[PDB]
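Right, one structure below, let's go through it.
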Amino acid sequence: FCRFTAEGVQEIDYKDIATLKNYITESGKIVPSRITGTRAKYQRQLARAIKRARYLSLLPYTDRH
Amino acid sequence: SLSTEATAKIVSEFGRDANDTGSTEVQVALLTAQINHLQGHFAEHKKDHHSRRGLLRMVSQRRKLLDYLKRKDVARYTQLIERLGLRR
Amino acid sequence: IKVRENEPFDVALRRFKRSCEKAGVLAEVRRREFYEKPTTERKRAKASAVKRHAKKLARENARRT
Amino acid sequence: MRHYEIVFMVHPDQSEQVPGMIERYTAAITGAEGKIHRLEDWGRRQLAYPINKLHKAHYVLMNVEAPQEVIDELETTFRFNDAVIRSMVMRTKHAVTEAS
Amino acid sequence: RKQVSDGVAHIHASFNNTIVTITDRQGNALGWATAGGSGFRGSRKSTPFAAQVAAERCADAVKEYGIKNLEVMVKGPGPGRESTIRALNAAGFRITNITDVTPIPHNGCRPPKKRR
RNA sequence: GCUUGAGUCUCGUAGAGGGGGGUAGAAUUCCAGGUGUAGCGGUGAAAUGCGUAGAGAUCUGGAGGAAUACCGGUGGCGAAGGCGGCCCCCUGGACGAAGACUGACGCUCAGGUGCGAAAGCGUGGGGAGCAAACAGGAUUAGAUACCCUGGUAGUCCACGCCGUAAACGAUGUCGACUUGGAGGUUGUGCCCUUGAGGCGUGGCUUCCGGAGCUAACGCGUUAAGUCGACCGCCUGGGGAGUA
């Protein structure tokens, strides 16, 4: 696999929640980069987009909501 | 600290021109502004020991340049420490 | 985690989702903060993971059979 | 000056206050020599978890540029206001236009 | 009484014992049975068979309510937790959902020390 | 004088570097209420403990403290100690590309000065969970322990003190030189970004190995190789890091 964020020159922001729900699992946990194959730089800022979307209720913390 | 318009200001009065940014006279006056500004940061907070090592690095850097300037030209050394206010 | 599947009842399709990360987590929050043994165990782990990489790559020479 | 990326949710039962609340904030911003880059309101959308036993908050993005003491009066306005839940003052190097 | 139709069957699934209780959609309980009260005591409380007998003892005394469909909640890393649900669909129930609701702290309070 | 060491500046980049303030969710505990009934909890087994004054389980609401699942990585940053949710404010260093600038301003230091895990100490708070001491139940020949049920200082916050660790890479700092391979992480240049492509070039870092070195184990361009500068230190074991 590869990183589509490195395929372009875009920025992973928290407001683009359509592309973040394929990066979390079926219970709200973040999928590791050893499965997805993301670069380590973009994976670190991806989780910063997951954690900000969880604060603004665009993504759930757990599945019991 | 010591934003870009402030560094361009100090190099004008102490340097030969705006591109003489490395001389031993402009380096002492540039460190003195970074020393004097961070006293307001270390007036409060006081427990920032990881940042105080950066201040103590440039405090000891200014003494190693002032001791060099006294060794080279003593007339410029007495001119400089009066223009800033130094020697305790 | 949440199976509301139709047809014939057979959790079977439930233990696929649940035995994923629902028992390794609860058995390690079961006791002891550790605070430094995680480090030891963690560092023993990958010194034995590259023991599986650097031996099985060198095991493809022959097999004596 | 400084760029910011403010997003704050608003209590549903007060959604008719929202264009009043929006022009209340930007009048303080441009009255203090403040640039503005966006006003992209997202409307009432569904929450992921109940914020104070409540769903379907009203989201307001601003993404404005202001000095840091002018905006420091703005988040304490979000504190002492029951119609606002979960403000988020943020920041980028170059605030932008339409993103959602 | 109230003759409710759809319910929720919570399963507590500790290591030493399995508790199964049956409630409704609103969340207030109707009846319960444990593996320690089914005649199994001590070493046999931690058996999946003892969680089965606790289920059919709880599948009875809710005949008064008339449940034919229920959800299943499991909570705990127990030796039961799946042999209990096999004793419910065999008991004549329509299992709509099976849900894991075990408590996982996102790193909170300190657990006790590892016993030696 | 000179620019190669060292340093300044102009652009950027990564980061659990630090200090201050706010805030979120999960979970434990407690309190209150609803339902509900004889067990719960614990162990190799058991008892102490809890529960018919209604526990446990389950649901709603509330209070409070501490810690930040997944991401999390022989990953990153920091002089070391160390540093993980998120947001803002103040702030330190490292690094790269292309230049410009001062012109040896350097290196290392006895004494000195600062920083320095955890436990402890002082004053003032806070106190969920955990838990020395202590108390009970077991086990046992005995059990002053391991196990169990409780549980106080402490752990937390502010400001001081302490100045110690297997504070470890058991490897002082700095500089130069000497075959390679597989990676990780982070900048950047060129060519066909025409495709996650190819060629390079830096920084930090992990592993395996050559010469050589070492008593051997091993180390091996981040040396424990080959050298230079300075500092700390060693001189049989016990006594003793004690008087």
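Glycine also receives a Cβ, built like all others from the backbone with ideal geometry; neighbour counts cover every protein chain displayed. Throughout, read-outs are computed from the coordinates displayed, never taken from laboratory work.
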For chain C, longest principal axis from Cα atoms; helix C:37-56 axis from its Cα atoms; angle between them, nearest 10 degrees, is 60
So, relative contact order of chain B in percent, Cα under 8 Å, 6 or more apart, is 25
Log10 I(q)/I(0) at q = 0.15 Å⁻¹ for segment D:1-92, from Debye over equal alpha-carbon scatterers, is -0.55
Where a ≥ b ≥ c are root eigenvalues of the Cα gyration tensor, a/c under 1.5 meaning rounded, otherwise prolate if a/b exceeds b/c and oblate otherwise, segment B:1-72 counts as oblate
For segment D:38-100, averaging the sequence separation of alpha carbon pairs under 8 Å that lie six or more residues apart and dividing by its residue count, the contact order in percent is 32
Relative to chain B, whose Cα atoms define the longest principal axis, helix B:24-41 and its Cα axis are tilted in degrees, nearest 10, by 20
Place a point 7 Å from the Cα of residue A:9 in the direction of its beta carbon; the residues of segment D:68-100 whose amide N falls under 16 Å from it are D:94
Dipole check, chain C, charges on Cβ (K,R +1; D,E -1), about Cα centroid: among C:62, C:38, C:12 the Cα furthest to the positive pole belongs to C:62
For chain A, longest principal axis from Cα atoms; helix A:40-55 axis from its Cα atoms; angle between them, nearest 10 degrees, is 20
Once residue D:80 and residue D:32 are pulled to full extension, the length gained, defined as 0.36 nm per residue separation minus their Cα-Cα distance, is 15.1 nm
Given B:20-28, E:75-83, B:65-73, the highest-first ranking by average Cβ count within 10 Å works out to E:75-83, B:20-28, B:65-73
Here the relative contact order (percent) of segment E:1-104, from C-alpha pairs under 8 Å and at least 6 apart, is 32
Site residue B:76, offset 7 angstrom along Cα→Cβ, radius 13 Å on amide nitrogen, limited to segment B:5-40, gives B:14-17, B:20-29
Listed by chain and number, the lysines with an alpha carbon less than 19 angstrom from that of residue C:17, same-chain partners under 8 positions apart left out, are A:21, A:29, C:2, E:75
Over chain A, the sum of -39500 (n - 2.57) across DSSP H runs of at least four, divided by residue number and rounded to 500 deg cm²/dmol, gives at 222 nm -10000 deg cm²/dmol
With -39,500 (n - 2.57) per DSSP H segment of 4 or more residues and division by the full residue count of chain C, the 222 nm estimate, nearest 500 deg cm²/dmol, is -13500 deg cm²/dmol
Checked chain C with the C-alpha gyration tensor, a ≥ b ≥ c its square-rooted eigenvalues, rounded below a/c of 1.5, otherwise prolate if a/b is larger than b/c and oblate if not; verdict oblate
